[PDB]
Amino acid sequence: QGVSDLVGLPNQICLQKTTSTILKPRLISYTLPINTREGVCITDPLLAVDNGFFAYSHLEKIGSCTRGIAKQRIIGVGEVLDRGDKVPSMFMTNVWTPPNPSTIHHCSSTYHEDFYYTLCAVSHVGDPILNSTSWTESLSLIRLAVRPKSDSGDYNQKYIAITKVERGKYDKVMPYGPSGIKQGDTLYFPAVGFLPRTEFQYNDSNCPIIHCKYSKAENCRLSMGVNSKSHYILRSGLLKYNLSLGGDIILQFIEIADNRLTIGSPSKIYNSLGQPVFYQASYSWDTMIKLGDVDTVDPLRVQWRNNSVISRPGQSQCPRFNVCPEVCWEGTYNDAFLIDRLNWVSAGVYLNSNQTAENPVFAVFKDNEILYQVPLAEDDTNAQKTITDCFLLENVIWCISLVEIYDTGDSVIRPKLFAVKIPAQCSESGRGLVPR
Ligand SMILES: *[C@@H]1O[C@H](COC2O[C@@H](C)[C@@H](O)[C@@H](O)[C@@H]2O)[C@@H](O[C@@H]2O[C@H](CO)[C@@H](O)[C@H](O)[C@H]2NC(C)=O)[C@H](O[C@@H]2O[C@@H](C)[C@@H](O)[C@@H](O)[C@@H]2O)[C@H]1NC(C)=O
Ligand SMILES: *[C@@H]1O[C@H](CO)[C@@H](O[C@@H]2O[C@H](CO)[C@@H](O)[C@H](O)[C@H]2NC(C)=O)[C@H](O)[C@H]1NC(C)=O
Ligand SMILES: *[C@@H]1O[C@H](CO)[C@@H](O[C@@H]2O[C@H](CO)[C@@H](O)[C@H](O)[C@H]2NC(C)=O)[C@H](O)[C@H]1NC(C)=O
Ligand SMILES: *[C@@H]1O[C@H](CO)[C@@H](O)[C@H](O)[C@H]1NC(C)=O
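Quick notes on the rules
- Residues numbered from 1 in each chain as written, not as in the entry; some residues may be left out.
- Chains lettered and ligands numbered in written order.
- Heavy atoms only, no water.
- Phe/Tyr/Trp six-rings, centres within 6.5 Å; stacked < 30°, edge-to-face > 60°.
- Helix = DSSP H or I, 4+ residues; strand = E, 2+ residues; numbered from the N terminus.
- Buried < 20%, exposed > 50% of the residue type's maximum accessible area, 1.4 Å probe, protein only.
- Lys NZ or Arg CZ within 6 Å of the ring centre and 35° of its normal.
- 1 Å grid on protein atoms, 1.4 Å probe; cavity = no way out; pocket = protein on both sides within 12 Å on 5 of 7 lines; lining within 4 Å.
- Points joined across faces, edges and corners; volume = space filled by probe spheres on them.
- Nonpolar A, V, L, I, M, F, W, Y, C, P; charged D, E, K, R; others polar.
- Disulfide = S-S within 2.5 Å.
- Near = heavy atom within 4 Å.
- Polar contact = N/O pair within 3.5 Å; in protein donor to acceptor, adjacent residues only side chain to side chain.
- Areas by Shrake-Rupley, 256 points an atom, 1.4 Å probe, with all protein chains shown as cover.
- Pairing = 2+ DSSP bridges.
- Axes fitted to C-alpha atoms, helices over the stretch in contact; angles between N-to-C directions.
- Contact = heavy atoms within 4.5 Å.

What follows deals with the packing of aromatic side chains. With the rule as written, the count across this model stands at 13 aromatic pairs. With a centroid separation of 5.0 Å and 80° between ring planes, the pair formed by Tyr 279 and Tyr 333 is classed as edge-to-face. With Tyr 279 in strand β18 (residues 275-280) and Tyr 333 in the loop between β20 (301-304) and β21 (336-340), this residue pair connects regions lying 54 residues apart in the sequence. On the accessibility criterion, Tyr 279 (3% relative accessible area) is buried. An aromatic cluster of at least three residues, connected via ring pairs, comprises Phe 115, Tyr 117, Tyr 155 and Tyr 241. Directly above the aromatic system of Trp 304 lies the positively charged group of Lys 290, at a separation of 4.3 Å from the ring centroid. Directly above the ring of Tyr 333 sits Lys 385, whose terminal nitrogen or CZ lies 5.3 Å from the centroid.

See below:
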């Protein structure tokens, strides 16, 4: 109606620590076909939200989420609407499905002007992250009109295989993360590069092992690949697509700078309150949340927050709150979205457990302080990947969070979509007014 980007001067939000239950998560109303029955897992979820539109993707598998048989991959876009209540809802306007559900891997969506542009890898050897040597570089673009039009040719849906990929020293590159940004007529997608370990230049003396008893200086370089002797190391970055250029589509890989370097992992870049922000999943020993203002997009340098309160579950080598270099490849993607630049306040869903993917908690937090939070499920509810995007509905900050969750009544793993308004008051309605 009035759903737009988080920009300008939003209505006030609570900026102090409180135990009051001011967060009131709601399951959001949607037309996305993301409900099922038992026997199937809905995995590989993607959510993007932009300028009152959204993009969404998943892979439906028969059986296990990791080992099941690929049933259906969908990429869908739509509008974020007002259901009449000044509450957001998601209406899907355009859905694309490939004939082979198993060959599309690692999609990433960026919005521009009429379309969501979704960049995906194409693989016949499974997950390129797990079959790095076998996978031959193959990327495709699925362009979808957010408002389809009849008798428009390829305006509604356009598929294009991309052959010209500028990757510099890397052998191969691919999208890695849910969503990116536009700057003018150029799109940037979160991405990763595969670089042979033999070409990786790293001084082990840069690996911070002070006050870390059990750490060896080699641990940072060894943990830049999926195991200590991996043929490749992984480096996060961006894939640049300039819509203004004529002809044969060219993508260009832009590696992330080496400040607070960790293994290439699903990331996202987004604009909030006038500037790009980056989140990088912590898939190794540096387990505190990695997010910050993007200093420069190309070359890519992120001013990582010194956040001391949000982490992610791992196993015992790199469990939650680990900070010392170890050789490990583990963790979860749980992003956060800047909603107040002056005080650097963010909103996102974290998993409140040290070594188990469970207990999704929606939190509003600063670098060194969680201000307020609310659980999204009963305790010991298993949950893994979370994607949070925030926006304005008539100048009020709302967030939509995708949570990959075990559904009890419908005994399957699937994404659930929560809408959460950020309140203005630090006390909840009626607090202290109901007697005792
Ligand atoms: C969840 O993990 C916390 C681990 O903190 C620690 O960091 C990891 C990387 C390992 O090196 C652990 O060996 C290390 O303890 C743990 O909390 C910490 O607890 C220690 C004492 O046990 C305390 O000195 C730290 O300040 C504290 N840190 C934080 C950020 O809380 C959790 O333990 C729970 O919370 C503690 C405060 C204390 O009540 C513990 O008894 C309690 O179990 C741990 N949670 C669980 C449920 O294991
Ligand atoms: C890496 O690629 C190889 C080659 O495609 C995969 O091996 C195939 O695995 C399927 C599934 O079990 C078998 O049906 C084929 O017979 C295998 N082909 C060959 C040539 O061995 C392997 O599974 C892939 N690894 C991962 C982790 O996806
Ligand atoms: C995207 O491509 C356009 C060209 O199509 C770039 O715009 C040009 O920049 C050069 C400077 O090297 C000028 O000489 C041209 O006149 C510009 N053309 C237009 C139409 O503005 C643009 O800079 C590219 N964007 C990015 C981010 O690389
Ligand atoms: C984080 O701390 C370091 C201190 O070593 C400082 O140089 C850096 O500017 C801090 N980052 C932010 C975003 O404040």
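This brings us to the layout of surface pockets. Of the pockets and cavities examined, the largest pocket occupies roughly 1,500 Å³. Along the walls of the largest pocket sit 49 residues, with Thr 43, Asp 44, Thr 66, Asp 127 and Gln 384 positioned nearest its centre. Where the lining of the largest pocket is concerned, the elements lending two or more residues are β3 (40-50), β4 (53-62), β7 (104-112), β25 (383-393) and β26 (396-407). Looking at the lining of the largest pocket, its residues break down into 22 nonpolar, 20 polar and seven charged. Considering the residues around the second largest pocket, the lining is formed by 25 residues, among which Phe 200, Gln 201, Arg 235, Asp 258 and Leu 261 are closest to the centre. Every element with two or more residues in the lining of the second largest pocket is listed here: β15 (232-242) and β16 (250-255).

On to the state of the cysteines. This structure, assessed with the given rule, holds seven disulfides. Two residues, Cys 107 and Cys 120, share a disulfide whose sulfurs are 2.1 Å apart. Taking the torsion about the sulfur-sulfur bond, which here is approximately 115°, the covalent link between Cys 107 and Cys 120 counts as right-handed. With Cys 107 in strand β7 and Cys 120 in strand β8 (residues 115-122), the pair connects residues that are 13 residues apart, well separated along the chain. Like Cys 120, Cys 107 is buried. Here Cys 318 engages in a disulfide with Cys 328; their sulfurs sit 2.0 Å apart. Between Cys 318 and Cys 328, the S-S dihedral sits near -100°, and the bridge is therefore left-handed.

In the vicinity of ligand 4, the contacting residues are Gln 303, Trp 304, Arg 305 and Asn 306. Within the side chain of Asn 306, an N or O atom sits 2.3 Å from an oxygen atom of ligand 4. In the complex, 34% of the free accessible area of ligand 4, which totals 360 Å², lies under the protein chains. Residues belonging to the shell around ligand 4 are distributed by class as follows: one nonpolar, two polar and one charged.

Pairing is antiparallel across the open sheet formed by five strands, whose spatial order is β1-β25-β26-β27-β2. Edge strands, defined here as strands with exactly one partner in the open sheet, are β1 (3-4) and β2 (26-27). Where β2 and strand β27 (residues 412-421) come together, two bridges link them in antiparallel fashion. Of the residues in β27, the one forming a bridge with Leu 27 is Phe 418.

Turning our eyes to something else, we now look at the sheet that holds β3. Spatially, four strands are ordered β3-β4-β5-β6 in an open sheet, and the strand pairing comes out antiparallel. Both outer strands of the open sheet, β3 and β6 (88-96), are each paired with one neighbouring strand and no more. Ignoring strand direction, the axes of neighbouring strands in this sheet form an average angle of 25°. Sheet analysis places strand β5 (residues 69-82) next to β6, joined by eight bridges and oriented antiparallel. If you follow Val 80 over to β6, its bridge partner there is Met 90.

Counting through the fold element by element, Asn 359 comes out in the loop between β22 (345-351) and β23 (360-366). On the basis of relative accessible area, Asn 359 is assigned to the buried category, the value being 6%. Within the structure, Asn 359 has its side chain in polar contact with the backbone nitrogen of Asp 380 (distance 2.6 Å). Setting aside residues no more than four positions away along its own chain, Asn 359 makes contact with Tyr 350, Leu 351, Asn 352, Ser 353, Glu 378, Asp 379, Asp 380 and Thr 381.

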